[PDB]
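Chemist: need a structure here:
(2 chains)
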Amino acid sequence: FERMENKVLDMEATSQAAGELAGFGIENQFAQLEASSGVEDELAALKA
Amino acid sequence: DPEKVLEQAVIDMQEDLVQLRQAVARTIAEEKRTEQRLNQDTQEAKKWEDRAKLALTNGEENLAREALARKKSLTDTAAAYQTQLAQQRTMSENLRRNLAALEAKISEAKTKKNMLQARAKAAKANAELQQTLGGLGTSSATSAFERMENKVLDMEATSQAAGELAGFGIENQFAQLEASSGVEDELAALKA
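Modeler: Numbering: from 1, shown residues only, chains lettered A, B, ... in the order given. This is the structure:
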């Protein structure tokens, strides 16, 4: 049970390890997405 | 591999509870048998006493005391086995709780192990998806797109390269065409 649990912990770590890389470099790009996101919020104010 | 080991442990527990069920049968077999012994024994004691009581009035008195000694000896055997019976009873209910305790252990282990596998397997799948999504074609699709885009830029350059030569030498000739072009403009002035 412990052996296979160790494998679970390993894969768990490896899965969040993909997340570890994913977070550190796309912020540059994401900020541009958020600017665009703000634009439709302004359109909501317009329909009001 | 841990997957294989883990379900093997579940399988082991199924063997274990069967082994304990037959062990229960073994202990209970002795309860039944030891009831049977006491039941016999109590009869035997009475029976030879009965022979002895009549033997008191009839012929040999002395012989009856022998029968009583045998009776009494056997009574001691019965009492000794009554001692053993106590050990049986006590051991039996101990074993009953021990099965129930194991049954709880098995039940929990099985439910735990199942949700353990499921939630782990779900988590890795989510991770695999986030990885493949996260890859974003950054080392494959975009690189292939770029390769063919480089070919586009090459051909684009080559196409304007034909234009590069075309512009530098025909001016000589074009000027003559333009002079002729001016002539029809003068004809337009004439029609006016």
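Chemist: At which residues are the helices of chain A located?
Modeler: For chain A, applying DSSP state H gives helices covering A:2-25, A:27-47.
Chemist: I'd like to know which of those is closest to chain B.
Modeler: Chain B lies closest, by C-beta to the nearest C-beta, to one member of those: helix A:2-25, at 2.2 Å. In short, each C-beta sits where N, CA and C put it, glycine included.
Chemist: The closest one near chain B anywhere?
Modeler: Yes: Helix A:2-25 is in contact with chain B by C-beta under 8 Å from any C-beta of the partner chain, via A:3-8, A:11-12, A:14-16, A:18-19, A:21-22.
Chemist: Pull out the buried residues from those.
Modeler: Among those, those classed as buried by 16 or more other C-beta atoms under 10 Å in any protein chain shown are A:4, A:7-8, A:11, A:15, A:18, A:22.
Chemist: what about residue A:17, how many neighbours?
Modeler: Other residues lying near residue A:17 total 13 when counted by other C-beta atoms under 10 Å in any protein chain shown.
Chemist: Equivalent analysis for the one 3 residues further on, please.
Modeler: Other residues lying near residue A:20 total 11 when counted by other C-beta under 10 Å.
Chemist: what does the one 3 residues further on give?
Modeler: The burial metric for residue A:23, expressed as a neighbour count using other C-beta under 10 Å, is 10.
Chemist: Which residue lies nearest the spatial centre of chain A?
Modeler: residue A:23 (6.4 Å; C-alpha atoms, centre = their mean).
Chemist: Quick one: residues contacting that one.
Modeler: By C-beta atoms under 8 Å, 6 or more residues apart in numbering or on different chains, residue A:23 lies in contact with nothing.
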